[PDB]
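In the authors' numbering, the protein residues as written are -16 to -2, 14 to 502.
All C-beta atoms, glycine included, are put in the ideal place defined by N, C-alpha and C.
Reviewing the structure listed below.
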Ligand SMILES: CC1=N[C@@H]2[C@@H](O)[C@@H](O)[C@@H](CO)O[C@@H]2S1
């Protein structure tokens, strides 16, 4: 038999017809179609009144999306007696083998029925439902001249990995609450279920800490390149968390330590050996900054930050970073990371950290390694300690240029086009580990605007999202590529300023 790899498309990027992404476990089409009309209602039914109430909220979210493009006013009804032309969302009799995020979605001529184990699975299934309707449905304004049909069809689905995340760096360049909400919203439509906020680094500190107010008053006032910066009040952070929660997305906040700490060091002189504030940094260098590993003030500072962040962050996880501590000795890093892990645990939080943080003698089996290096020896400690691992290889470093000539992006992990972002498996990055999942990382050294974020995340994130969701045996670039071409109008309709990748 004959095989080949994909080259660029001759003559440029290519960028009744559903466009499901990620690919679901099964999808069959039968004869006939359901028509969504102005008289349609969404019926919801759970196993008890509490669950029905949660489903009702999910139903309202769905109705909102449908109404924006159809111009209809679909409303939601708590009833297990749906009428012809209804969408029906239920958790009664879910197939347990599909787990918390799984669902069946069956469309007949008279009814769309989504059957899940949990409200969360109804939400994920609703993302598929939106992809079964014609392109145009994802418009934010009313679309005319399109019949709102769904083919008679049967889908069963569930994720391969539990953790399927996106990280946004808001330290290097700041993005507004609206901008962040939008990225969370867009990601949610592709079954991304985790959002990691990189809230602090050398060039900026982005979260209000009431006990150390100069973190904002001084530390938030810039960013890479000398723009004005910005920050989230604790109320704004809670608002982001709440917005993500409506989409069954866990928010994991990161305060990077002991390295990548210049913004803190520029805010409080007492955090430095000479007692003087550091000058703020607006360049893109890394690895030079450190907290004082052997000063108690450092641990008081960390505790105050953790105390305030834990109070406003319901995720059982806090990310404490631990990357590129090149100004911290191995011995001091081991000690520091163990101490701050003990502090986080005292505040009821489990710690996530970049490699090599798993090597700290203070880690526990509840700690999580974010494995970015993906080398033969990375996460040896994590594996021995029974720690879950989140993988972020080059293929998930979405800040990398698509190509040599990309106008934005970095290239220290090489180039990452849409094909590279697809053609990998988590088991490639680490062997013999409990792989919790995947996280796509959008660092922002070179991204200033929302358009830059869109360009780099789309279509790259779509590839990563499928790697997290779809089983490896069902993934195939030639298949995905053609599906992505089909999906293109939907990206346009959502107002996403994606890159028309010539490999698609
Ligand atoms: C673990 C991370 N540490 C660094 C980040 O702060 C960014 O500079 C990123 C850019 O790709 O590079 C490395 S990867």
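Rounded distance between the beta-carbons of residue j and residue i, thought under 8 Å
i: residue 184; j: residue 265; result: Residue 184 to residue 265, Cβ: 33 Å. No contact.
i: residue 307; j: residue 290; result: Incorrect: roughly 21 Å between the Cβ atoms, too far for contact.
i: residue 170; j: residue 447; result: Not confirmed; about 13 Å, so no contact.
i: residue 223; j: residue 280; result: 6 Å
i: residue 515; j: residue 150; result: Missing from the structure shown is residue 515; the chain here goes from -16 to 502 and no further.
i: residue 24; j: residue 154; result: 5 Å
i: residue 377; j: residue 356; result: 6 Å
i: residue 430; j: residue 381; result: 6 Å
i: residue 102; j: residue 113; result: 5 Å
i: residue 196; j: residue 178; result: No, residue 196 and residue 178 are not in contact; Cβ-Cβ is about 12 Å, not under 8 Å.
i: residue 456; j: residue 501; result: Residue 456 to residue 501, Cβ: 14 Å. No contact.
i: residue 198; j: residue 254; result: 6 Å
i: residue -2; j: residue 498; result: 4 Å
Residue i in three-state terms, based on DSSP
i: residue 370; result: coil
i: residue 155; result: strand
i: residue 381; result: helix
i: residue 455; result: helix
i: residue 461; result: helix
i: residue 162; result: strand
i: residue 118; result: helix
i: residue 236; result: helix
i: residue 331; result: helix
i: residue -16; result: coil
i: residue 437; result: strand
i: residue 313; result: coil
i: residue 487; result: helix
i: residue 241; result: helix
i: residue 477; result: helix
i: residue 189; result: coil
i: residue 167; result: strand
i: residue 446; result: coil
i: residue 23; result: coil
i: residue 88; result: strand
i: residue 344; result: helix
i: residue 467; result: helix
Counted within 10 angstroms of its Cβ, other Cβ atoms place residue i as buried (16 or more) or exposed
i: residue 174; result: exposed
i: residue 33; result: exposed
i: residue 15; result: exposed
i: residue 71; result: exposed
i: residue 90; result: exposed
i: residue 206; result: buried
i: residue 120; result: buried
i: residue 464; result: buried
i: residue 410; result: exposed
i: residue 231; result: exposed
i: residue -15; result: exposed
i: residue 314; result: exposed
i: residue 480; result: exposed
i: residue 192; result: buried
i: residue 415; result: buried
i: residue 69; result: exposed
i: residue 473; result: buried
Candidates the options, of which the one nearest residue i by Cα
i: residue 428; options: 370, 459, 466 and 357; result: 370
i: residue 75; options: 315, 38, 20 and 65; result: 38
i: residue 62; options: 432, 271, 137 and 257; result: 137
i: residue 115; options: 107, 60 and 43; result: 43
i: residue 160; options: 469, 501, 476 and 500; result: 469
i: residue 419; options: 194, 395 and 408; result: 395
i: residue 340; options: 323, 318, 324 and 329; result: 318
i: residue 363; options: 372, 351, 374 and 373; result: 351
i: residue 436; options: 57, 461 and 53; result: 461
i: residue 27; options: 88, 104 and 143; result: 104
i: residue 483; options: 133, 99 and 96; result: 133
i: residue 141; options: 64, 167 and 176; result: 64
i: residue 433; options: -8, 41, 158 and 250; result: 158
i: residue 250; options: 172, 305 and 163; result: 163
i: residue 40; options: 77, -6 and 502; result: 77
i: residue 11; options: 359, 453, 425 and 347; result: Along the chain, the last residue before the gap is -2 and the first after it is 14, so residue 11 carries no coordinates.
i: residue 288; options: 143, 257 and 311; result: 257
i: residue 200; options: 228, 225, 286 and 244; result: 286
i: residue 321; options: 310, 358 and 54; result: 358
i: residue 247; options: 413, 190 and 261; result: 190
i: residue -8; options: 417, 129, 236 and 467; result: 417
i: residue 296; options: 282, 80, 334 and 227; result: 334
i: residue 312; options: 235, 276, 293 and 292; result: 235
i: residue 220; options: 244, 277, 272 and 245; result: 277
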